[PDB]
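See structure below.
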Amino acid sequence: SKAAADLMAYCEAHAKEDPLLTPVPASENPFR
Amino acid sequence: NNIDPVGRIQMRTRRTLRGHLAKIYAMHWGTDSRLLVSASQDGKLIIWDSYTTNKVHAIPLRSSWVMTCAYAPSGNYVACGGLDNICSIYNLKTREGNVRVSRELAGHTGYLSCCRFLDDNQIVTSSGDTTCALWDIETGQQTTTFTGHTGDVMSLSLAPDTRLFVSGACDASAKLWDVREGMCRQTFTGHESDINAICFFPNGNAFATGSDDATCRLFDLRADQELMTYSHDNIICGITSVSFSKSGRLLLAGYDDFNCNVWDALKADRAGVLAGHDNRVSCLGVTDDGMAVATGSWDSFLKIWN
Amino acid sequence: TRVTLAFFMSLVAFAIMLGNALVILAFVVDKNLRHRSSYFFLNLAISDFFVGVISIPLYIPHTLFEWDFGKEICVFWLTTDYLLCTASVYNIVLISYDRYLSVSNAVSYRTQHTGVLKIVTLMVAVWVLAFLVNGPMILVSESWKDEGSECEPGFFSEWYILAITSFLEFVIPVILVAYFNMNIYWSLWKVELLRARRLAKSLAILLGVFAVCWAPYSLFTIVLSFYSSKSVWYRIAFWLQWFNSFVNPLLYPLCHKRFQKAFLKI
Amino acid sequence: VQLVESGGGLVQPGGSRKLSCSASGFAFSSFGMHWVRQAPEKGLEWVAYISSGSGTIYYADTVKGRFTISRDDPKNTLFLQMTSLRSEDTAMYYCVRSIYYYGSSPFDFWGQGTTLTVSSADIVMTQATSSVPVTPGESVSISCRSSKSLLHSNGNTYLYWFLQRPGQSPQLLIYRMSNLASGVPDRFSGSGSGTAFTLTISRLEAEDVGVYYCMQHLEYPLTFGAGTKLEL
Amino acid sequence: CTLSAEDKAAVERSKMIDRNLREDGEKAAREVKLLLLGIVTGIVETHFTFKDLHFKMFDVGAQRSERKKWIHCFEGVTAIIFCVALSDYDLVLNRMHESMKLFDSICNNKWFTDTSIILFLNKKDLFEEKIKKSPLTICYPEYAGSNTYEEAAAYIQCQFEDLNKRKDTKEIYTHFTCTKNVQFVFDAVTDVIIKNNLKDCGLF
Ligand SMILES: CN1CCN(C2=Nc3cc(Cl)ccc3Nc3ccccc32)CC1
């Protein structure tokens with residue numbers, strides 16, 4: 001459970017830095 | 001059971017990159033999250049401009065039986081290898097303006113499966129001799145070689161911290177190795193057939209293997225056991241490629257059902273099909289800044305998603 | 001009444017139009033179709049497209065309700081229709097010649113690297129040849145302008161002209177297609193029995209559909225023009241001529257494996 | 001690399017003259033080339049441009065329809081043919097390499113230059129001053145102005161900073177207003193805001209005084225300033 | 001237009017790269033790739049030319065691993081050369097069982113469904129002298145033929161050729177190894193070309 005907790009914690013912290021999770025509005029997306 | 005599902009994550013082909021004609025076996029993302037490198041049986045290694053779907057560099061090869069390619073973290077060099085047992089290293093940034101091959105690491109006899117850079121002067125290779133090796137590019141000879149496989153080694157990956165690396169072989173086994181000393185840190189088993197795709201989780205505390213038995217697996221480096229299994233009943237074919245995303249929620253897994261599947265790496269049950277190829281999915285990668293996903297398949301087309 | 005007849009003529013026209021539109025679309029979409037075969041099939045589909053959008057709906061009223069053409073329209077109608085039909089037949093011959101060179105001397109058919117100029121040269125020579133064979137005679141006709149006349153080229157008054165036209169567009173294509181297919185068979189035949197029977201059957205089907213859909217009208221027209229200068233069989237042969245462009249997009253570019261893949265992607 | 005040029009000298013007004021350039025020690029046929037000039041007493045001027053594959057060709061409005069540019073890849077040679085020469089055309093010329101792909105450094109090598117003495121909404125840049133006496137051991141700050149904003153749509157900026165020493169050819173100090181070309185001491189800097197930009201030479205030493213120039217490369221024609229003369 | 005003065009040159013560069021890739025593919029898409037198994041570290045590639053044709057043969061016998069993770073990269077080959085001997089039918093290591101198992105594995109494999117197979121039998125003189133005092137009864141007790149090379153050789157040839165399970169898609173061109181090998185393989189690949197060629201345009 002400790003090993004799974006370590007990897008899930010890293011997922012939560014970098015949530016807003018993942019475009020593929022939360023797609024950026026086309027104003028900042030260079031691939032449109 | 002307390003993790004919310006990401007749900008259906010649809011994606012659209014922003015860019016279709018045409019120009020590769022024969023089969024495609026490898027790809028790697030650059031450091032600036034804008035350049036790409038791809039390897040095919042035309043004897044070609046291409047560096048793509050990703051934003052505008054432009055071509056920056058095209059490199060011919062010597063042994064067209066390639067299986068892998070790498071991108072230097074400083075953007076200066078590239079590397080490749082395959083069925084010819086040697087690893088080639090090319091210099092991108094010369095005043096001459098053309099890419100030249102600077103190093104040719106030799107000393108293997110089984111087919112090379114992969115190669116990844118450590119810095120501008122250190123590399124790691126794994127081949128069919130059942131042996132891995134750390135090479136010092138300036139000297140030209142191995143500084144340490146790693147033995148202990150009974151079957152051919154098909155993959156490896158380098159840690160973000162740049163101190164260790166993990167390999168996997170046709171013995172249904174994987175092995176974690178230190179770099180500067182030579183000891184075998186650990187040996188993992190569990191697959192029902194050979195292992196043909198491995199990846200290194202960005203936090204450096206896990207890794208994922210792909211098999212030719214219709215299953216993907218996550219093991220942990222410290223706990224010395226398998227963490228997760230990723231497979232579906234409608235699937236009967238084999239994995240070919242595995243990669244993660246910045247946070248790690250999306251495990252992008254290639255398949256032979258012709259369809260990349262994005263898996264919710266935490267619930268072990270979701271398949272966001274990125275359908276759109278007509279053949280087997282070979283390779284795939286994700287940018288450093290998460291701005292895209294590229295997949296390449298046997299049909300000679302490379303697709304960008306977000 | 002005549003409403004049912006008009007509906008069915010329009011139905012045939014729409015079917016032809018769609019049948020060749022799909023070929024054109026599946027050639028412009030996929031970029032792996034850049035061989036000789038796909039270029040030639042595209043030429044075929046374009047030559048068959050304009051029959052369904054111009055000739056049939058314009059011809060419906062001239063015989064169905066009222067002869068509302070005049071010269072300034074009927075000259076255009078005749079020229080368009082004849083050009084399209086002749087071009088379609090000539091594309092059939094060109095595909096079959098590609099097929100014969102395929103299994104007649106295959107050593108020289110494997111190491112040529114000519115890209116566009118040659119292929120488009122052929123694709124344009126087809127249309128130029130079709131025009132210069134058929135078209136320049138419709139316009140030079142003048143006796144066909146008698147008042148109250150159903151509109152159809154003046155040279156119907158000369159059976160020799162019809163004989164020359166039908167010789168340069170019916171005899172030569174059937175001879176060439178039959179020869180190419182027979183040579184294909186011999187060059188393969190010289191387990192085995194089943195394959196030989198399948199090949200013979202398919203080649204016979206192609207040649208037979210060509211002959212059935214294009215013989216009666218030429219024969220019947222020359223028969224009537226010989227001395228007995230219209231019965232229902234005349235309409236039968238007339239429409240049987242147009243009925244080829246219904247099946248020409250079904251034998252050649254639908255059996256093909258590459259084009260089958262191109263379609264099934266969509 | 002190496003670039004050696006021929007054709008300079010003294011020419012009468014009118015007529016025509018051709019200046020040739022020979023490249024050595026690099027892949028010639030993957031480069032775009034510019035012909036630039038400098039007045040015998042005043043700043044620099046651009047002339048012409050040819051690109052990779054002998055496609056795009058550009059001339060200055062002053063030289064339009066009378067100068068033509070060309071290249072020859074088997075022998076690694078470049079040509080500027082020059083018709084309608086007038087006494088105002090006296091200058092000394094530079095052949096400048098430039099490779100246009102993502103991330104490259106254009107204007108990174110200039111030839112030794114060849115002398116040639118002859119017997120609108122264009123962005124023209126005004127050099128801010130003409131002489132700044134600064135003693136060795138103290139920083140030097142130079143600026144220049146522009147006629148038009150230079151931030152393009154793709155987030156780029158196009159201002160170039162060059163230095164020339166007596167009896168010498170220019171070298172690339174700054175490219176695209178913020179980047180430092182490799183092969184020069186790392187004590188230079190560049191900055192500024194729209195149409196108003198600045199070069200800085202920190203901790204001035206010997207052999208670091210001379211004429212300084214700026215350039216704009218947002219849209220053709222290419223223009224220059226006057227050139228600040230940093231002296232001892 | 002939303003480009004600077006130099007993005008045009010970037011686009012031109014990409015266009016040249018695309019042209020070069022297409023030309024190289026056209027150059028490399030009209031060669032006959034034959035794979036040799038058993039006439040002549042890692043892949044040993046051999047190139048030669050015959051009658052306007054470019055033969056790229058792969059001598060791959062230097063690899064010391066299995067074929068499952070290694071053979072599918074040869075999907076597009078024209079043909080396979082297969083070389084075995086006749087003199088070693090009785091040498092217990094025997095060798096006929098190994099050769100037959102190899103041929104059965106190769107011929108009935110999916111990657112070569114439409115791919116024909118050329119098969120060679122060599123070392124025939126040693127076999128002919130052997131059968132003078134060592135008949136096939138040692139290895140073929142069910143054999144009831146005359147003590148001559150011809151009947152036994154035909155027996156062995158039909159024994160290998162009766163292993164074909166794809167009789168209506170690919171043939172086997174058996175030839176006794178004796179420069180007739182090059183002519184045999186040239187005729188074989190010509191016929192493979194014809195049969196695969198009048199197949200992609202219908203014609204069954
Ligand atoms: C529906 N169909 C359209 C084409 N059409 C003919 N078309 C050609 C063209 C050429 Cl080049 C040669 C022979 C023929 N047959 C003919 C013979 C007698 C009268 C008309 C024709 C008449 C009506």
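Starting from 1 in every chain, residues are counted up; chains themselves are A, B, ... following the order of the structure tokens, and ligands are numbered from 1 as listed.
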
Could the residues of chain E within 12 Å of chain C, counting only C-alpha atoms, be given as a PyMOL selection string, please?
chain E and resi 19+22-32+50-54+164-171+186-187+189-204

Same residues, C-alpha atoms, saved as a short mmCIF file (atom, residue, chain, number, x, y, z; two decimals), in the first residue's frame:
data_model
loop_
_atom_site.label_atom_id
_atom_site.label_comp_id
_atom_site.auth_asym_id
_atom_site.auth_seq_id
_atom_site.Cartn_x
_atom_site.Cartn_y
_atom_site.Cartn_z
CA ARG E 19 10.92 14.89 -51.52
CA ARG E 22 9.80 9.77 -51.16
CA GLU E 23 12.61 9.32 -53.68
CA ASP E 24 14.50 6.99 -51.33
CA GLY E 25 11.37 4.91 -50.76
CA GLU E 26 10.82 4.59 -54.51
CA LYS E 27 14.45 3.50 -54.88
CA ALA E 28 14.22 0.92 -52.09
CA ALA E 29 10.74 -0.43 -52.91
CA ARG E 30 11.70 -2.34 -56.07
CA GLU E 31 14.22 -4.91 -54.83
CA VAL E 32 13.77 -8.65 -54.26
CA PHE E 50 21.05 -10.51 -62.05
CA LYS E 51 19.05 -9.61 -65.17
CA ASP E 52 18.14 -6.05 -64.14
CA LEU E 53 17.09 -7.45 -60.75
CA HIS E 54 18.54 -6.59 -57.33
CA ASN E 164 2.53 -28.54 -47.71
CA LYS E 165 -0.80 -27.53 -46.15
CA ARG E 166 -1.29 -24.49 -48.43
CA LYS E 167 -1.47 -26.22 -51.79
CA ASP E 168 -3.63 -23.59 -53.52
CA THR E 169 -1.73 -20.49 -52.32
CA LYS E 170 2.01 -21.28 -52.41
CA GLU E 171 4.04 -23.99 -54.11
CA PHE E 186 15.49 -16.54 -60.74
CA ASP E 187 12.78 -18.60 -62.46
CA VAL E 189 10.94 -15.53 -58.22
CA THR E 190 9.66 -14.67 -61.71
CA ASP E 191 6.80 -17.13 -61.21
CA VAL E 192 6.14 -15.79 -57.70
CA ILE E 193 5.92 -12.31 -59.22
CA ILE E 194 3.41 -13.44 -61.84
CA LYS E 195 1.19 -15.38 -59.44
CA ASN E 196 1.12 -12.62 -56.82
CA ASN E 197 0.68 -10.05 -59.58
CA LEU E 198 -2.43 -11.44 -61.30
CA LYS E 199 -3.97 -11.60 -57.83
CA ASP E 200 -4.20 -7.98 -56.70
CA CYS E 201 -6.35 -7.03 -59.72
CA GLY E 202 -8.88 -9.80 -59.30
CA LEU E 203 -8.32 -12.52 -61.90
CA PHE E 204 -8.35 -15.00 -58.99
#

Using only C-alpha atoms and all ligand atoms, determine which residues fall within 10 Å of ligand 1, then list them as a ChimeraX atom specification.
/C:51,55-56,78-87,89-90,129-135,152-153,155-156,159,161-171,214-222,225,235-244

Determine which residues of chain A DSSP labels as helix (DSSP H, G or I) from the backbone of this structure, then write them out as a ChimeraX atom specification.
/A:2-13

Could you list, as a PyMOL selection string, every residue of chain E that has an atom within 6 Å of an atom of chain D, counting only C-alpha atoms?
chain E and resi 5+9-10

Counting only C-alpha atoms, closest pick from B:56, B:170, B:266, B:45 relative to chain D is B:56

Closest atom pairs, chain E residues within 7 Å of chain B, only C-alpha atoms, as a tab-separated table:
residue	atom	partner	partner_atom	distance
E:11	CA	B:54	CA	6.7
E:14	CA	B:55	CA	4.5
E:17	CA	B:55	CA	6.7
E:18	CA	B:19	CA	6.1
E:21	CA	B:19	CA	6.4
E:25	CA	B:42	CA	6.5
E:41	CA	B:109	CA	5.7
E:42	CA	B:84	CA	5.0
E:43	CA	B:84	CA	6.0

Counting only C-alpha atoms, collect the residues of chain D whose closest atom lies at most 10 Å from chain B, and write them out as a ChimeraX atom specification.
/D:1,24-31,99-104,108-109

Would you please give, as number ranges by chain, all residues of segment 172-230 of chain D that DSSP assigns to strand (DSSP E or B) based on the backbone?
D: 172-175, 179-180, 188-193, 196-201, 210-216, 223-224, 228-230

Counting only C-alpha atoms, what is within 12 Å of residue 63 of chain C, bar same-chain residues fewer than 6 positions away, as a ChimeraX atom specification?
/C:2,5-6,56-57,69,149-152,230,235

Residue 32 of chain A environment, 10 Å, only C-alpha atoms, sequence neighbours closer than 5 positions dropped, as a ChimeraX atom specification
/A:24-27 /B:14-15,51,306

Quick one: everything within 12 Å of residue 236 of chain B, counting only C-alpha atoms, minus sequence neighbours fewer than 6 positions away in the same chain. Send it as a PyMOL selection string.
chain B and resi 211-215+255-258

To one decimal in Å, tell me the separation between atom CA of residue 199 of chain B and atom CA of residue 283 of chain B.
12.0 Å

Select residues of chain A: the criterion is any atom within 6 Å of an atom of chain B, counting only C-alpha atoms; output as an MDAnalysis selection string.
chainID A and resid 11 14 18:20

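For the pair atom CA of residue 46 of chain E and atom CA of residue 67 of chain E, the separation is 20.2 Å.
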
Residues within 8 Å of residue 93 of chain D, only C-alpha atoms, excluding chain neighbours under 5 positions, as an MDAnalysis selection string:
chainID D and resid 35:38 113:116

Give me, as JSON, numbers by chain, the residues of chain C touching chain B, with the criterion being at most 12 Å (counting only C-alpha atoms).
{"C": [30, 31, 32, 261, 262, 264, 265, 266]}

Based on the selection just made, write N, CA and C atoms of those residues as a PDB file, in the first residue's frame.
ATOM      1  N   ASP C  30      -6.763   9.086 -49.394  1.00  0.00           N
ATOM      2  CA  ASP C  30      -5.612   8.302 -48.962  1.00  0.00           C
ATOM      3  C   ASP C  30      -4.400   8.572 -49.842  1.00  0.00           C
ATOM      4  N   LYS C  31      -3.251   8.764 -49.197  1.00  0.00           N
ATOM      5  CA  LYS C  31      -2.017   9.136 -49.875  1.00  0.00           C
ATOM      6  C   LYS C  31      -1.127   7.945 -50.204  1.00  0.00           C
ATOM      7  N   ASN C  32      -1.570   6.726 -49.912  1.00  0.00           N
ATOM      8  CA  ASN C  32      -0.839   5.521 -50.280  1.00  0.00           C
ATOM      9  C   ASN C  32      -1.294   4.939 -51.612  1.00  0.00           C
ATOM     10  N   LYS C 261      -9.160  -1.775 -49.115  1.00  0.00           N
ATOM     11  CA  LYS C 261      -8.695  -1.218 -47.849  1.00  0.00           C
ATOM     12  C   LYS C 261      -9.046   0.259 -47.739  1.00  0.00           C
ATOM     13  N   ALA C 262      -8.837   1.009 -48.824  1.00  0.00           N
ATOM     14  CA  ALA C 262      -9.129   2.437 -48.809  1.00  0.00           C
ATOM     15  C   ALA C 262     -10.592   2.693 -48.487  1.00  0.00           C
ATOM     16  N   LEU C 264     -12.732   0.509 -46.895  1.00  0.00           N
ATOM     17  CA  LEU C 264     -13.108   0.032 -45.570  1.00  0.00           C
ATOM     18  C   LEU C 264     -12.545   0.892 -44.453  1.00  0.00           C
ATOM     19  N   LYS C 265     -11.520   1.702 -44.725  1.00  0.00           N
ATOM     20  CA  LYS C 265     -11.090   2.670 -43.719  1.00  0.00           C
ATOM     21  C   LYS C 265     -12.202   3.669 -43.418  1.00  0.00           C
ATOM     22  N   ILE C 266     -12.902   4.126 -44.451  1.00  0.00           N
ATOM     23  CA  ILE C 266     -13.998   5.072 -44.306  1.00  0.00           C
ATOM     24  C   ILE C 266     -15.235   4.391 -43.732  1.00  0.00           C
TER      25      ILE C 266
END

Computed gap from atom CA of residue 76 of chain C to atom CA of residue 54 of chain C is 10.0 Å
